[PDB]
Student: 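Quick one: structure below, then a few questions.
Numbers here are sequence positions counted from 1.
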Amino acid sequence: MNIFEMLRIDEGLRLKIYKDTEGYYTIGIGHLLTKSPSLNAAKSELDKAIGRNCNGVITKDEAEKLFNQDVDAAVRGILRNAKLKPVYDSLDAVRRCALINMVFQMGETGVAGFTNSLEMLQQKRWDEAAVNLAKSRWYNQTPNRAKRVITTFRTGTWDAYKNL
C-alpha cells in the first residue's frame with residue numbers, strides 16, 4: 001500500500017465537480033477547486049487547472065494528473081515547512097504517509113496547528129498522540145477517515161486500510 005492508494009481510498013474519485021464534506025467545490029481525487037459559492041467560480045478554476053474548457057467535467061487521466069501534482073505539492077510543502085519537516089524526518093515510512101494524508105486534506109497550515117500532537121509524534125508517544133489528535137474538529141467532522149489516519153500513526157501499519 002502507498003500514499004496514492006491510501007489517498008484514493010480516503011478521497012474517492014469523481015469526474016464531475018462535486019461538493020466536499022465542507023461544501024466546497026472539488027473534482028477528481030480530492031482536488032479542491034475553490035471555497036467560493038459559485039459553481040461558476042469553480043468551473044473557471046477548473047479550466048485554468050486543466051488548460052481546456054471542461055464544462056465541469058474531466059477524464060480519469062486529468063484526475064490522475066491533478067492527483068500527482070497535489071501529492072507532490074503536499075510532500076514539498078511538508079519539507080519546506082519548519083514545523084512539519086522535523087516531524088516528517090523523525091518518522092518511519094508508514095507514519096510518514098499518515099502525515100502526508102493530513103496535509104493533503106487540511107493543508108500545511110492546518111496540520112501545523114496541531115502543535116501538541118506533532119510533539120508527541122516526534123517523541124514517538126503513539127498512544128498519547130492518537131488520543132490527542134481525536135480532540136479536534138477534524139476528528140468530529142470526518143470521524144471514519146480521521147480514525148483510519150490516527151490508527152496509522154498509532155500502529156505504524158496499514159491495518160486500517162486493509163479492510164477497504
Student: State, with a plain yes or no, whether a side-chain heavy atom of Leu15 is found less than 4.5 Å away from one of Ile27.
Tutor: no
Student: Is there a side-chain contact between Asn68 and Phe4 in this structure, where contact means two heavy atoms from C-beta onward sitting under 4.5 Å apart?
Tutor: yes
Student: Taking atom CG of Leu39 and atom OG of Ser44, what is their separation to the nearest 0.5 Å?
Tutor: 11.0 Å
Student: Restricting to non-hydrogen atoms, name the atom on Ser90 and the atom on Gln122 that form the minimum distance, rounded to 0.1 Å.
Tutor: OG-CG, 3.6 Å
Student: Distance check, rounded to the nearest 0.5 Å: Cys97 atom SG versus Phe104 atom CZ?
Tutor: 13.0 Å
Student: Check for a donor-acceptor pair, side chain of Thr142 on one end and backbone N or O of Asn140 on the other, with a separation under 3.5 Å.
Tutor: no
Student: Same cluster or not: are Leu32 and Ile3 linked, directly or through other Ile, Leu, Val, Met, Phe, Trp or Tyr residues, by side-chain heavy atoms under 4.5 angstrom apart?
Tutor: no
Student: Nearest 0.5 Å, what's the CG-OG1 distance between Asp159 and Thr152?
Tutor: 8.5 Å
Student: With a 4.0 Å cut-off, would you call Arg8 and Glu5 a salt bridge?
Tutor: no
Student: Honestly curious: do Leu91 and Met120 fall in one hydrophobic cluster under the side-chain, below-4.5 Å linking rule?
Tutor: no
Student: So which heavy atom on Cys54 is nearest to which on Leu46, and how close?
Tutor: CB-CD2, 4.0 Å
Student: Could you walk me through whether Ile50 and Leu66 pass the side-chain contact (heavy atoms from CB on, under 4.5 Å) check?
Tutor: CA-CA 8 Å; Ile50 300 306; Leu66 291 177; 3.9 Å; yes
Student: Give a yes or no on whether a salt bridge exists between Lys85 and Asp89, defined as a side-chain N under 4.0 angstrom from a carboxylate O.
Tutor: yes
Student: In terms of side-chain geometry, is the basic nitrogen of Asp92 or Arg96 positioned less than 4.0 Å from the acidic oxygen of its partner?
Tutor: no
Student: Is there a side-chain contact between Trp126 and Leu121, using heavy atoms and a 4.5 Å cut-off?
Tutor: yes
Student: Applying the 4.5 Å side-chain criterion to the ILVMFWY set and letting contacts propagate, would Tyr25 and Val57 be lumped into a single cluster?
Tutor: no
Student: Taking all non-hydrogen atoms of both residues, which atom of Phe153 and which atom of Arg95 are closest, and how far apart?
Tutor: O-NE, 2.6 Å
Student: Are the side chains of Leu7 and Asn101 in touch, meaning some heavy atoms are under 4.5 Å apart?
Tutor: yes
Student: For side-chain contact (heavy atoms from CB on, under 4.5 Å), just list the numbers for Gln69 and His31, CA-CA rounded to whole Å, side-chain angles, deciding distance to a tenth of an Å, and then say yes or no.
Tutor: CA-CA 10 Å; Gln69 300 165 167; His31 181 80; 5.9 Å; no
Student: Any ion pair linking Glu119 and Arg125 (charged N to carboxylate O, less than 4.0 Å)?
Tutor: no
Student: Roughly how far, to the nearest 0.5 Å, is the CE atom of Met106 from the CZ atom of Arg137?
Tutor: 10.0 Å
Student: Does either side chain, that of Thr155 or that of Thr157, offer a donor lying less than 3.5 Å from an acceptor on the other one?
Tutor: yes
Student: Tell me, do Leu99 and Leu118 make a side-chain contact under 4.5 Å, heavy atoms counted?
Tutor: yes
Student: Counting C-beta onward and ignoring hydrogens, is there a side-chain heavy-atom pair between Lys147 and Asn144 closer than 4.5 Å?
Tutor: yes
Student: Quick one about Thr59 and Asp61 (side-chain donor to acceptor, distance below 3.5 Å, no hydrogens or angles considered), yes or no?
Tutor: no
Student: Do you know the tightest heavy-atom contact between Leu33 and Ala42?
Tutor: CD1-O, 3.9 Å
Student: Going through the checks in order, is the salt bridge (charged side-chain N to carboxylate O under 4.0 Å, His left out) test met by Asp10 and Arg148?
Tutor: CA-CA 9 Å; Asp10 279 341; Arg148 290 199 288 280; 2.7 Å; yes
Student: Are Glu11 and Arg145 close enough for a salt bridge, meaning some N to O gap below 4.0 Å?
Tutor: yes
Student: Hey, any chance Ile78 and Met6 share a hydrophobic cluster, counting ILVMFWY side chains that come within less than 4.5 Å of each other, even indirectly?
Tutor: yes
Student: Let me see the working for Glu128 and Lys135 under salt bridge (charged side-chain N to carboxylate O under 4.0 Å, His left out), right down to the final yes or no.
Tutor: CA-CA 11 Å; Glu128 304 91 316; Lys135 296 178 172 156; over 6 Å; no
Student: If you compare all heavy atoms of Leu133 against all heavy atoms of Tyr139, which two are closest, and at what distance to 0.1 Å?
Tutor: O-CB, 4.3 Å
Student: When rounded to the nearest 0.5 angstrom, what distance separates CD1 in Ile58 from CG in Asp47?
Tutor: 11.0 Å
Student: Atom CD1 of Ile9 and atom CD1 of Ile29: how far apart are they, to the nearest 0.5 Å?
Tutor: 12.0 Å
Student: Hey, is NZ on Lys35 packed in by over 12 heavy atoms from elsewhere, all under 6.0 Å?
Tutor: no
Student: Given the rule that I, L, V, M, F, W and Y join up when any side-chain heavy atoms are under 4.5 Å apart, are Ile100 and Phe114 in one cluster?
Tutor: yes
Student: How about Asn55: does its CG atom have over 12 heavy atoms from other parts shown lying under 6.0 Å from it?
Tutor: no
Student: How close do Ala63 and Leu13 get, counting heavy atoms only, and between which atoms?
Tutor: CB-CD1, 3.6 Å
